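K.L.:
Show me the folded form of this:
(chains A, B, C, D, E, F, G, H, I, J and K)
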Amino acid sequence: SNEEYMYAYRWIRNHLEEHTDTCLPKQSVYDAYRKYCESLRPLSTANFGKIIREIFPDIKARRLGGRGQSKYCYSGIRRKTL
Amino acid sequence: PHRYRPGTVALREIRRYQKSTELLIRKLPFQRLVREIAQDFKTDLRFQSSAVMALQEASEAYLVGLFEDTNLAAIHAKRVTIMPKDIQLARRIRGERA
Amino acid sequence: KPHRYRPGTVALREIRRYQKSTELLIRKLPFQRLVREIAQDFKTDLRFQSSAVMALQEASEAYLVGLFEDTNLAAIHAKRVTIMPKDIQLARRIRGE
Amino acid sequence: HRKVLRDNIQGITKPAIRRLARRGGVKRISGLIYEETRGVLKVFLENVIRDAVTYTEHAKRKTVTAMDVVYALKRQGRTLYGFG
Amino acid sequence: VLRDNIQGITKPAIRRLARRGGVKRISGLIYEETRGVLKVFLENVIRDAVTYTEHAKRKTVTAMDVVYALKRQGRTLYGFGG
Amino acid sequence: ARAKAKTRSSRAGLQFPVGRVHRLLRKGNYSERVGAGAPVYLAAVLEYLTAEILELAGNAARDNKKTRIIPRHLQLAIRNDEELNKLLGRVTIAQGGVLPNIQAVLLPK
Amino acid sequence: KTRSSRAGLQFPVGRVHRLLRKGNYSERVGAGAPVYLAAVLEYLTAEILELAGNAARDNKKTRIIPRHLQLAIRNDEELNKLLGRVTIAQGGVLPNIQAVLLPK
Amino acid sequence: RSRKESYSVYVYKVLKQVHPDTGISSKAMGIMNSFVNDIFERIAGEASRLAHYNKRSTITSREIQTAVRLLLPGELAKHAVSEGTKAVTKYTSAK
Amino acid sequence: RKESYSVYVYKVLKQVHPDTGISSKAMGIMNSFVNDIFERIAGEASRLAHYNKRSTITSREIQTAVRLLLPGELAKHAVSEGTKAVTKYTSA
DNA sequence: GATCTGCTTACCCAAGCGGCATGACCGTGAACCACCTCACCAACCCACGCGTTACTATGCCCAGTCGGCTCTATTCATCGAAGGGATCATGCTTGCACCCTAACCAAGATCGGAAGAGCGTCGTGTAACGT
DNA sequence: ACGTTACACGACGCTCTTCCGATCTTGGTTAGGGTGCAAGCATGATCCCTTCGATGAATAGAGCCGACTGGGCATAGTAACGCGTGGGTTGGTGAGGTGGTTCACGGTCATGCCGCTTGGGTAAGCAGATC
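P.N.:
Residues are numbered from 1 along each chain as shown, chains lettered A, B, ... in the order given. Here you go, the structure:
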């Protein structure tokens, strides 16, 4: 129900910090969150984007990488180094 | 029943939407509306996401200011309900429809 | 016994007469003295070239006429004919002043 | 490979107009202002998008950037902070 | 020295200004409101013109200064120079 | 410099001065350089606008049985045309008066 | 040694000088104009940021967001007049309900 | 002795071309001069802004045409754009 | 590699409020405000220099432009700050 | 309650006409600034490469939307009333034209120094790669 | 946590060329008050209609549920756009005569138009009727 929302909020708040320059692979963040949640039910991949959009206002969804190998990336966040 | 008396849920919604800074118009229908409107000027012209976002923010701010002026006109007219003539007067005084 | 016009006829005559003319409606000397008094609060002993006063008068009359057009539009909107201070206040507020 | 869009201005739903009015400060809403608020929004968007498309066309570009919309709004005496 | 000249904007001037504006009936308390509005507008425009004429190392408010002051507020004036 | 000195307003068929407009554009603090075809275009636009407003003013002056265009005629020609009124909405014309418009509610029954 | 510190400022006066010279505002730019402009810009920025911080501390927050900037701007008469036509993106509106619509 | 320029020589020529038998008063000529100066300032400022936005250091006919389209409303913009294009074509076609 | 006013706005914010941070949307709005006010004052100074048939923009033109644009006490305080900065600049 | 008249009081206009009064034009002239001349680089234009993107089309699902019922709070539509305003009459108070205008200030050159522009060198940040 | 294709960016030192603090007239402008004169303005009656407070009646907008469905996210494909990089064509000035332009002015005249009657044409209120 809403327990997953609170857990995702907390994980994003103390694991991701807003930074206007750096860009992160979009799949890596969700995989790390799922690995964290596999220690006690993880949020759906279509709702994790909504949660991270609510938490960070100024975040973009770029599609980086070379031709053919373009993968999605969050732009505006990085790891909190903790 | 416990039905709320009319006129208080309106004030609750006013206090909710005045202290909140999200976007009121849904993003996708507004983007489609912008694309349709620009379909008449030049065809095969794409829109950046930031351009649509800026258009939405500006349009929402403009409509909110216009509705503030309309509410002022309605209150001046000894009313509480805003009406199409109120919007027309508000746009006429500001210098938008001669 | 004397020919007494009913209230509103002379007002309409003045409306039709003063829109057909282009002359200055405020007296020149009182407006010049008022402008000098206002300007004495920003610079003591400040001369006025006798054309800036005329430009100020033209601009002020145009502003007041536009404001009264807006005031009349607001007064008619409230199912009224007489223009009231709240009409002027509403017009100036909606304009953004 | 494109689509044509028609009957879209009514995609600005009545609840959206109600929420805009609530943020404005409106307590009661007449049922006839939605069809007028939609027209007002349409004409404002038409003007702003016309100016933005002109700015883009002069730049020999085929996509409307955010700076184009910002300049189009600035032309009509409506500055916008937040997009450069 | 001059004092209390805003009363020089007489009632038969504010009236006939409303008449040019197209007003049929006039309230009794609107003359003072019009005098106040005229005073504030004149104060703004004259202050701008005085700054314009002070930057020019002058002591006479030229009509060009008044025209520029009006243009600064968006009320462009035609008939005295541009 | 052996030529007849054909002025730039004669090549383009305009009446407004191309050279004066070019000089103003140069010493007007607009850009470092000004293309040769820009003064011609600007002078043509200015001349067209002047011709249109003067035509409307002359039309509004013949109605009043007058030979001399006065500021009132310019105001009448500007406040009537929709495009001109939109272009010069904020502009005040000295001694122009106002358009004779009376609301339909103030009129008697 | 840097010119922005010789004037005791935080904003850059070299960048302001370059923008004033390359912006085509005049043929020449005096050596004292960038300093004055940088000082004015820094003062205005400091005033708005101080008001924004005061408005953000009221909400028991620690980050200034566009809502706090709008609250600071609209609650000061001079700043509201200066930024009168300006629209702040995602800044909302200042809460003000007309006293007529309140119940009684 | 304080030689000041004006458009009163050219506005009269344009008026005589349109209305061959209609003079213009010296007070309306001042208004027409101010109108010409104001429209010139508007168009030149918009052209300079357009040049600066695209990092161009030259005002071509493209900048003036775009400025005219941005400023002049609707039909006026189309007519003035056609006039300017015709004048430029005639100018470059006649050296 | 685009020049911006982020570092200096952050320095100013730390000078006034040493504890409160600033978001990225708020930083973008601050950058836009700085650019817009700079453009306003520079344009007013350019018009002032052109009206008096001058060619240079000195501190006097900027000061008069500040007097013209900024209202009320803001103009007074900004003029005082600019004058202080200018007099500190010329004194080495 | 509104259909016609018994007519008696306030605004344009083609005259005649005077009389200014403003605009067009003729030379003056005289700065004065647009114009036509070889060169010469910065400014602009154009071709090619890829990274990235706007617009397409699935997949999920619940929170927002659409629509019908009920009801009452809100907006109209009348009635009186009386109290603001409109209109007209007298008596001026003060604005409106011309001047003895004397002081005063806005301009057109003067003394140099003060200062800014434009080039030559020199101090501080980084588009990615290992322990 | 540490260095680079050394480029962006700014600052310092040095010619070269413009540009201002003080005067020096110079005369054009404005405000040192003064005379008359009539024409808007002040003030006061008077009565007129409009606006403003009840007061029922309509009515439609606001809650409130019940279905229901699409926006708001994440994925990819693809034709295309846009920036970066490298070569390859063009306007202001090194300016310098050179002469048509246009700007001021004295003046003369043509006529445009602002005011005195003359008499028309328009609106507009003050009095006559009854279920």
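
K.L.:
which residues in chain B form helices?
P.N.:
In chain B, the helices defined using DSSP state H lie at B:8-18, B:27-38, B:49-76, B:84-93.

K.L.:
The longest one and chain H in contact?
P.N.:
No: with Cβ under 8 Å from any Cβ of the partner chain as the threshold, helix B:49-76 lies outside contact range of chain H, at a closest distance of 15.1 Å. From N, CA and C alone the C-beta is placed, and that goes for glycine too.

K.L.:
wait, does that helix contact chain E?
P.N.:
No: Helix B:49-76 is not in contact with chain E by Cβ under 8 Å from any Cβ; minimum separation 14.8 Å.

K.L.:
Report the angle between that helix and helix C:52-77.
P.N.:
Relative orientation of helix B:49-76 with respect to helix C:52-77: 70 degrees, computed using axes from the mean of the first three to the mean of the last three Cα atoms, to 10 degrees.

K.L.:
touching DNA strand K at all, helix B:49-76?
P.N.:
No: using Cβ under 7 Å from any atom of the strand, helix B:49-76 never reaches DNA strand K; the gap is at least 9.9 Å.

K.L.:
now check that helix, is it near chain I?
P.N.:
No: Helix B:49-76 is not in contact with chain I by Cβ under 8 Å from any Cβ; minimum separation 11.1 Å.

K.L.:
Which residue would be the closest one in chain D to chain G?
P.N.:
Closest contact between chain D and chain G, by Cβ to the nearest Cβ, is at residue D:82 (2.7 Å).

K.L.:
residues in contact with that residue?
P.N.:
By Cβ atoms under 8 Å, 6 or more residues apart in numbering or on different chains, the contact set of residue D:82 is B:54, B:57, G:66, G:88, G:89, G:90, I:25, I:28, I:29, I:32.

K.L.:
The third one: how many residues sit nearby?
P.N.:
Residues lying near residue G:66 (other Cβ atoms under 10 Å in any protein chain shown) number 24.

K.L.:
With residue B:14 instead?
P.N.:
20.

K.L.:
I'd like to know how far it sits from chain D.
P.N.:
Using Cβ to the nearest Cβ, to the nearest Å, residue B:14 is found at 5 Å from chain D.

K.L.:
Surely that residue touches residue D:28?
P.N.:
No: between residue B:14 and residue D:28 there is no contact under Cβ atoms under 8 Å: 11.1 Å.

K.L.:
Give me the longest helix you can find in chain D.
P.N.:
The helix that spans the most residues within chain D, counting by DSSP H, is helix D:34-58.

K.L.:
Which other helices and strands does whichever helix or strand comes after it contact?
P.N.:
For helix D:34-58, the following helix or strand on the C-terminal side (DSSP states H and E) is strand D:63-64. Contacts defined by 3 or more Cβ pairs under 8 Å, 6 or more residues apart in numbering or on different chains; DSSP states H and E place strand D:63-64 against strand B:46-47, helix D:34-58.

K.L.:
Each with direction, which strands does strand D:63-64 pair with?
P.N.:
In its sheet, strand D:63-64 lies beside strand B:46-47 (parallel), with partners assigned from DSSP bridges.

K.L.:
and the partner strand, does that touch DNA strand J?
P.N.:
Yes: with Cβ under 7 Å from any atom of the strand as the measure, strand B:46-47 is seen reaching DNA strand J through B:46, B:47.

K.L.:
Give me the residues contacting that strand.
P.N.:
By Cβ under 8 Å, 6+ apart, the list of residues contacting strand B:46-47 reads B:31, B:34, B:35, B:38, D:62, D:63, D:64.

K.L.:
try 7 Å this time
P.N.:
Strand B:46-47 has contacts (Cβ atoms under 7 Å, 6 or more residues apart in numbering or on different chains) with B:34, B:35, D:62, D:63, D:64.

K.L.:
give the contact list for the last one.
P.N.:
Read it as residue D:64. B:45, B:47, B:48, B:51, D:52, D:53, D:56.

K.L.:
Same check on the fourth one?
P.N.:
Contact analysis of residue D:63 by Cβ under 7 Å, 6+ apart lists B:46, B:47, B:48.

K.L.:
Can you report how many residues lie near the last one?
P.N.:
Neighbouring residues of residue B:48 were enumerated by other Cβ under 10 Å; the total is 16.

K.L.:
likewise the one 4 residues further on?
P.N.:
The number of residues packed around residue B:52, counting by other Cβ under 10 Å, is 21.

K.L.:
cool, and residue H:83?
P.N.:
Using other Cβ under 10 Å: residue H:83 sits among 21 other residues.

K.L.:
What separation do you get for it and DNA strand J?
P.N.:
Distance, residue H:83 to DNA strand J, by Cβ to the nearest atom of the strand, to the nearest Å: 19 Å.

K.L.:
pretty sure that residue belongs to a strand, no?
P.N.:
No: secondary structure of residue H:83 (DSSP: H, G, I helix; E, B strand; the rest coil): helix, not part of a strand.

K.L.:
ok, it - contacts?
P.N.:
Residue H:83 is in contact with F:44, F:45, F:48, counting by Cβ under 7 Å, 6+ apart.

K.L.:
Could you tell me how far the helix or strand that the last one is a member of lies from the centre of the chain?
P.N.:
Secondary structure assignment for residue F:48, by DSSP H and E: helix F:37-63. On the basis of Cα atoms, centre = their mean, to the nearest Å, helix F:37-63 sits 5 Å off its chain's mean C-alpha point.

K.L.:
what's it packed up against?
P.N.:
When contacts are defined as 3 or more Cβ pairs under 7 Å, 6 or more residues apart in numbering or on different chains; DSSP states H and E, helix F:37-63 packs onto helix F:18-26, strand F:68-69, helix F:71-80, helix H:8-18, helix H:26-53, helix H:61-71, helix H:75-93.

K.L.:
Which strands border the next helix-or-strand element following the fifth one, and is each parallel or antiparallel?
P.N.:
In other words, helix H:26-53. Following helix H:26-53 in sequence order, the next helix or strand is strand H:58-59 (DSSP H and E). Strand H:58-59 has its sheet partners listed here by DSSP bridges as strand F:33-34 (parallel).

K.L.:
can the strand it pairs with be found next to DNA strand K?
P.N.:
Yes: against DNA strand K, strand F:33-34 shows contacts by Cβ under 7 Å from any atom of the strand at F:33, F:34.

K.L.:
Count residues in the vicinity of the residue of chain A found nearest chain D, would you?
P.N.:
In chain A, no residue comes nearer to chain D than residue A:58, which is 9.3 Å away by Cβ to the nearest Cβ. Residue A:58 has 19 neighbours, counted by other Cβ under 10 Å.

K.L.:
phi, psi of it?
P.N.:
phi -90, psi 80 (degrees, to the nearest 10).

K.L.:
correct me, but it touches residue A:76?
P.N.:
Yes: Residue A:58 lies in contact with residue A:76 (Cβ atoms under 7 Å); the separation is 5.4 Å.

K.L.:
And for the residue of chain D found nearest chain B, nearest residue in space, chain neighbours not counted?
P.N.:
Closest residue of chain D to chain B, Cβ to the nearest Cβ: residue D:24 (2.9 Å). Counting by Cβ to Cβ, 6 or more residues apart in numbering or on different chains, residue D:24 lies nearest to residue B:67, which is 2.9 Å off, once chain neighbours are set aside.
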